[PDB]
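A short write-up of the structure that comes next.
Letters go in sequence order (proteins before strands), and every chain restarts at 1. When reading the values below, keep in mind they use all heavy atoms of this one structure, side chains included, and skip hydrogens, waters and symmetry mates.
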Amino acid sequence: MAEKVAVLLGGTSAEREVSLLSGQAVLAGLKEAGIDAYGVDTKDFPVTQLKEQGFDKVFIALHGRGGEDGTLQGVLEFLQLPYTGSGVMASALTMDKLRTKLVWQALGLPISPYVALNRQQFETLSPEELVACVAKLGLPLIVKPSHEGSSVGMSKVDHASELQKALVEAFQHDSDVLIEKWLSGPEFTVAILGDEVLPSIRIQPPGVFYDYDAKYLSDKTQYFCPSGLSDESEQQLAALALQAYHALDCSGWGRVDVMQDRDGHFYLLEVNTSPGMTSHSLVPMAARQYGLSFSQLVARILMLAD
Amino acid sequence: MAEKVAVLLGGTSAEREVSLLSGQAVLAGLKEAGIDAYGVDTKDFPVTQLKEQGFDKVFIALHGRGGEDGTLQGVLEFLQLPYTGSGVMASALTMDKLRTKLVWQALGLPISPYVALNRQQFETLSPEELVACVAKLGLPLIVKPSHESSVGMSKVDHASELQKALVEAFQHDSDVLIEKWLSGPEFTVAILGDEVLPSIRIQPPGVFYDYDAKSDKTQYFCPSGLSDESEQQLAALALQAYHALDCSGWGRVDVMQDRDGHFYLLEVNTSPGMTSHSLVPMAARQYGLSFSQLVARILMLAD
Ligand SMILES: Nc1ncnc2c1ncn2[C@@H]1O[C@H](COP(=O)(O)O)[C@@H](O)[C@H]1O
Ligand SMILES: Nc1ncnc2c1ncn2[C@@H]1O[C@H](COP(=O)(O)O)[C@@H](O)[C@H]1O
Ligand code: NA
Ligand code: NA
Ligand code: NA
């Protein structure tokens, strides 16, 4: 019989409202393609019952916790249902910004100079020792929790005297914290669809961070596709992005986040393994510039689930 | 109302028979400690219904696929049931010999000199170019799939044997590793929470400690023969390796020495065997734990 496809949407993360909109858009595009798709709001329906309900394949339009972090991927693996996007390991690994950075560094891929600190060091070290620990990074600094957490707990530290309060804030959210040399920007994202690298997008957040307000709420964020990069720089960025995505064992689709420093060198930030899928979200924008309609995009993502 | 504990055992992986034994043992030990535990053969009972069935906490005594690789951990995270051993990421990461190696490498942890090949490379490059890729490693070499001790491993003694090995490895995975051969001896270090248990020296019948080994020629030595000072160095290295991969609860770290007596990290196993002939129970005996104490302490680390 024809495949019955579940579009997982909404859920219970902070990104619920955006996921409802992703899932709505995905459903309409699947419908336009003639795919027998059904919206499943996982706040109300347990994912562990999908095989029992008669689904054959899963389109993941969830964002954040319980959607893009390996938990859901593990449930679908247990159910033996094919599903979109990256597998368990890559989905979880991409949430862990420390271990993402370790993998990339071992491979020789570029990341901003940084220092990692765990809670037992933080409790053991004085403020002045903590300042000395990061002095090699210069000023300003970015301090963040190591794990992805809807953008929370990050600070830009302009003076050494401010480090302590930034560490206290970050350690409210995670027991590993990262202190990074500040990158000037600009910021970019590079969508990946199976083998294919899509046109980059330049991202201009309204504030210091491309955070939850910037990504999902504000109209002040600006995006540029094409990005403005030269052909030679676009080629270099594309190859870098694909290397970063493979480094983490990603598959199906995703997006790689990159920033430049003052001299134009690219640095890798992270990979998003369940990107927004509203009609004007990044991946649909990159895909339209590449030549795919929204419908074709979601059909392709789904064809890559096997 | 005492907590009701499921001991997940058997399942459907290649390791099912071993897992039945591990599970049987675990179940007996938990009950011996006063825990209200039940055996649950996951071949017959779906892990998705554990909460519906009234279970409060889970001891995972499954091995291999669907047991120690993150998939089960994802289901138990969804159900919000506390469980033994490492979480989703560490459980999955520890299956990937490549990305394990990369994490350890970036932290400055000791691993055998190696060269990683992806498939683009195998199929592009000619047999002579591939010999040349790994020249700097010398001889002899081990060739292995990045996932799965199972199939696909070779020992390569001359450059001319390499192609054959790369072909056997690439039947099984698209990241393949070529490493400098380490002389041994080989050791394993069980970790229980924060505590490192006494090391075990492992003498396999042949070249690999690999399943047939995990024969009845396989020999284990505990004490391992290391000095107190080396045991301390090993214990610290092992803990660092385990924490590097985000492991928790318990597990086993596999390490080898080289010709200069330095230790090199091999892998971390996140759901170890618990049979009468298994390594973690032997280390636990050596530390002065009963098997019942051992399993209760592992369960106590689940919350
Ligand atoms: N080292 C850095 N320097 C400047 N901006 C950063 C840095 N790290 C993160 N950001 C900003 O914070 C956002 C979220 O950080 P992250 O989740 O680490 O990518 C990025 O998309 C950037 O806008
Ligand atoms: N580089 C190496 N040199 C020597 N023996 C190895 C090497 N790598 C693996 N082995 C053997 O193969 C077994 C399984 O390897 P692994 O799956 O990488 O942990 C180990 O327990 C060792 O007995
Ligand atoms: Na992810
Ligand atoms: Na529109
Ligand atoms: Na594992």
Worksheet item: In terms of side-chain heavy atoms, does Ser22(A) have a donor or acceptor partner in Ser19(A) at a distance below 3.5 Å?
Response: no

Discussion item. Tell me whether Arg202(A) forms a cation-pi arrangement with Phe188(A), defined as NZ or CZ under 6.0 Å from the six-membered ring centre and within 45 degrees of its axis.
Written reply: no

Worksheet entry | Nearest heavy atoms of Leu198(A) and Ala286(A), plus distance in Å | CB-CB, 4.0 Å

Discussion item. Does atom CD (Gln80(A)) have a neighbourhood of more than 12 heavy atoms from anything else shown, all under 6.0 Å?
Written reply: no

Worksheet item: Among side-chain atoms of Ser233(A) and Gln236(A), is any donor-acceptor pair under 3.5 angstrom?
Response: no

Worksheet item: Between the side chains of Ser230(A) and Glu234(A), does any donor sit under 3.5 Å from an acceptor?
Response: no

Item to complete: Working to the nearest 0.5 Å, report the span between OG of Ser200(A) and CD of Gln289(A).
Response: 9.5 Å

Practice prompt. Establish, from distance only, whether the side-chain atoms of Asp257(A) and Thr189(A) form a donor-acceptor pair under 3.5 Å.
Written response: yes

Fill in: Donor-acceptor side-chain pairing of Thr94(A) and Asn272(A) below 3.5 angstrom
no

Worksheet, complete the sentence: CD1 (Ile111(A)) and CG (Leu178(A)) are apart, to the nearest 0.5 Å, by 9.0 Å

Worksheet item: Short question: side chain of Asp69(B), backbone of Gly66(B) - any donor-acceptor pair under 3.5 Å?
Response: yes

Discussion item. Both conditions, 6.0 Å and 45 degrees, for the charged tip of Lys101(B) above the ring of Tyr114(B): are they met here?
Written reply: yes

Worksheet entry | Donor-acceptor contact below 3.5 Å, side chain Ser155(A) vs main chain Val157(A) | no

Fill in: Neighbour count >12 (heavy atoms, 6.0 Å) for atom CG, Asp44(A)
yes

Worksheet entry | Geometric cation-pi criterion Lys57(A) and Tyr83(A), 6.0 Å radius, 45° cone | no

Worksheet entry | Donor on one side chain, acceptor on other, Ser86(A) and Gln73(A), under 3.5 Å | no

Fill in: Side-chain donor-acceptor pair present, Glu68(B), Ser91(B), cut-off under 3.5 Å
no

Fill in: Option passing salt bridge (charged side-chain N to carboxylate O under 4.0 Å, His left out) with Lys144(A) (candidates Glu270(A), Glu180(A), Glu169(A))
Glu180(A)

Fill in: Among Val298(A), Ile301(A), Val7(A), side chain to side chain contact (heavy atoms under 4.5 Å, CB included) partner for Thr84(A)
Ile301(A)

Fill in: Separation between OG of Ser274(A) and CZ of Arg255(A), rounded to the nearest 0.5 Å
10.5 Å

Practice prompt. Report yes or no: do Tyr290(A) and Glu196(A) form a side-chain donor-acceptor pair below 3.5 Å?
Written response: yes

Discussion item. Students often mix this up, so state it plainly: with edges at 30° and 60°, are the rings of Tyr38(A) and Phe55(A) parallel, tilted or perpendicular?
Written reply: perpendicular

Worksheet entry | Intermediate values then yes/no, side chain to side chain donor-acceptor pair (under 3.5 Å), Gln121(B) and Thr124(B) | CA-CA 5 Å; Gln121(B) 296 160 319; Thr124(B) 309; over 6 Å; no

